[PDB]
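What follows is the content of model-v4.pdb (PDB, C-alpha atoms and all ligand atoms).
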ATOM      1  CA  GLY A   1     132.986 117.334 109.152  1.00  0.00           C
ATOM      2  CA  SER A   2     136.019 115.170 108.425  1.00  0.00           C
ATOM      3  CA  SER A   3     134.704 111.815 107.211  1.00  0.00           C
ATOM      4  CA  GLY A   4     137.004 109.076 108.469  1.00  0.00           C
ATOM      5  CA  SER A   5     136.720 105.306 108.124  1.00  0.00           C
ATOM      6  CA  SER A   6     133.678 105.552 105.855  1.00  0.00           C
ATOM      7  CA  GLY A   7     133.294 103.112 102.977  1.00  0.00           C
ATOM      8  CA  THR A   8     133.278  99.383 102.264  1.00  0.00           C
ATOM      9  CA  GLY A   9     134.740  96.832 104.658  1.00  0.00           C
ATOM     10  CA  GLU A  10     134.309  97.229 108.408  1.00  0.00           C
ATOM     11  CA  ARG A  11     135.220  95.312 111.565  1.00  0.00           C
ATOM     12  CA  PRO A  12     133.146  94.356 114.637  1.00  0.00           C
ATOM     13  CA  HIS A  13     136.017  95.679 116.754  1.00  0.00           C
ATOM     14  CA  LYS A  14     137.321  99.250 116.896  1.00  0.00           C
ATOM     15  CA  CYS A  15     139.751 101.126 119.143  1.00  0.00           C
ATOM     16  CA  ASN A  16     138.214 103.725 121.458  1.00  0.00           C
ATOM     17  CA  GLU A  17     141.556 105.488 121.890  1.00  0.00           C
ATOM     18  CA  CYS A  18     142.323 106.426 118.285  1.00  0.00           C
ATOM     19  CA  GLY A  19     139.572 104.823 116.227  1.00  0.00           C
ATOM     20  CA  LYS A  20     141.428 102.035 114.441  1.00  0.00           C
ATOM     21  CA  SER A  21     139.799  98.683 113.675  1.00  0.00           C
ATOM     22  CA  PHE A  22     140.779  95.008 113.671  1.00  0.00           C
ATOM     23  CA  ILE A  23     139.320  91.760 112.336  1.00  0.00           C
ATOM     24  CA  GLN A  24     139.665  89.893 115.633  1.00  0.00           C
ATOM     25  CA  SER A  25     139.277  91.239 119.170  1.00  0.00           C
ATOM     26  CA  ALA A  26     142.589  89.853 120.425  1.00  0.00           C
ATOM     27  CA  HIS A  27     144.140  92.096 117.773  1.00  0.00           C
ATOM     28  CA  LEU A  28     142.534  95.237 119.197  1.00  0.00           C
ATOM     29  CA  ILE A  29     142.795  94.338 122.883  1.00  0.00           C
ATOM     30  CA  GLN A  30     146.538  94.237 122.220  1.00  0.00           C
ATOM     31  CA  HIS A  31     146.656  97.448 120.184  1.00  0.00           C
ATOM     32  CA  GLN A  32     144.811  99.557 122.757  1.00  0.00           C
ATOM     33  CA  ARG A  33     147.954  98.906 124.798  1.00  0.00           C
ATOM     34  CA  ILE A  34     150.010 101.239 122.609  1.00  0.00           C
ATOM     35  CA  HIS A  35     147.818 103.923 124.177  1.00  0.00           C
ATOM     36  CA  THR A  36     147.988 102.798 127.806  1.00  0.00           C
ATOM     37  CA  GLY A  37     151.440 101.812 129.022  1.00  0.00           C
ATOM     38  CA  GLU A  38     153.057 101.318 132.422  1.00  0.00           C
ATOM     39  CA  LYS A  39     153.439 104.282 134.775  1.00  0.00           C
ATOM     40  CA  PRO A  40     154.771 103.110 138.166  1.00  0.00           C
ATOM     41  CA  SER A  41     155.433 106.770 138.960  1.00  0.00           C
ATOM     42  CA  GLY A  42     151.811 107.885 139.079  1.00  0.00           C
ATOM     43  CA  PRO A  43     150.388 108.456 142.578  1.00  0.00           C
ATOM     44  CA  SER A  44     147.489 106.094 141.877  1.00  0.00           C
ATOM     45  CA  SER A  45     147.920 103.400 144.528  1.00  0.00           C
ATOM     46  CA  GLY A  46     148.455  99.855 143.293  1.00  0.00           C
TER      47      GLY A  46
HETATM   48 ZN    ZN B 101     144.101 102.845 119.241  1.00  0.00          ZN
END

Starting from the file, lay out its structure as structure tokens.
Ligand SMILES: [Zn+2]
Amino acid sequence: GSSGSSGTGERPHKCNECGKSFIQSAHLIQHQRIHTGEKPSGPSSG
């Protein structure tokens, strides 16, 4: 059991991709991007 992000000082917003955290949502909503980029090659229509 690797305890991570356990202690004092937490945020109401956390990334579901890696697990990071941010004070404001706008901060996270933007970060999550680093995980999902643009792939116009994929077959997925649209
Ligand atoms: Zn992340």

Given the file shown, enumerate the residues that the PyMOL selection byres (((chain A and resi 25) around 10) and not hetatm) captures and present them as a PDB file with C-alpha atoms, in the frame of the given file.
ATOM      1  CA  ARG A  11     135.220  95.312 111.565  1.00  0.00           C
ATOM      2  CA  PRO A  12     133.146  94.356 114.637  1.00  0.00           C
ATOM      3  CA  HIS A  13     136.017  95.679 116.754  1.00  0.00           C
ATOM      4  CA  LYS A  14     137.321  99.250 116.896  1.00  0.00           C
ATOM      5  CA  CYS A  15     139.751 101.126 119.143  1.00  0.00           C
ATOM      6  CA  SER A  21     139.799  98.683 113.675  1.00  0.00           C
ATOM      7  CA  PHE A  22     140.779  95.008 113.671  1.00  0.00           C
ATOM      8  CA  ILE A  23     139.320  91.760 112.336  1.00  0.00           C
ATOM      9  CA  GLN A  24     139.665  89.893 115.633  1.00  0.00           C
ATOM     10  CA  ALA A  26     142.589  89.853 120.425  1.00  0.00           C
ATOM     11  CA  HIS A  27     144.140  92.096 117.773  1.00  0.00           C
ATOM     12  CA  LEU A  28     142.534  95.237 119.197  1.00  0.00           C
ATOM     13  CA  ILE A  29     142.795  94.338 122.883  1.00  0.00           C
ATOM     14  CA  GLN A  30     146.538  94.237 122.220  1.00  0.00           C
ATOM     15  CA  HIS A  31     146.656  97.448 120.184  1.00  0.00           C
TER      16      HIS A  31
END

Discussion item. If I take CA of residue 44 (chain A) and CA of residue 19 (chain A), how far is one from the other in Å, to one decimal?
Written reply: 26.9 Å

Worksheet item: If you measure from CA of residue 17 (chain A) to CA of residue 38 (chain A), what distance in Å do you get, rounded to one decimal?
Response: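 Atom-to-atom, CA of residue 17 (chain A) and CA of residue 38 (chain A) are spaced 16.1 Å apart.
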
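The interatomic distance for the pair CA of residue 33 (chain A) and CA of residue 10 (chain A) works out to 21.4 Å.
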
Using all atoms of region 2-20 of chain A listed in the file and a margin of 6 Å per side, can you give the axis-aligned box centre and edge lengths in Å to one decimal, as lines of an AutoDock Vina configuration file?
center_x = 137.7
center_y = 104.8
center_z = 112.1
size_x = 21.2
size_y = 32.8
size_z = 31.6
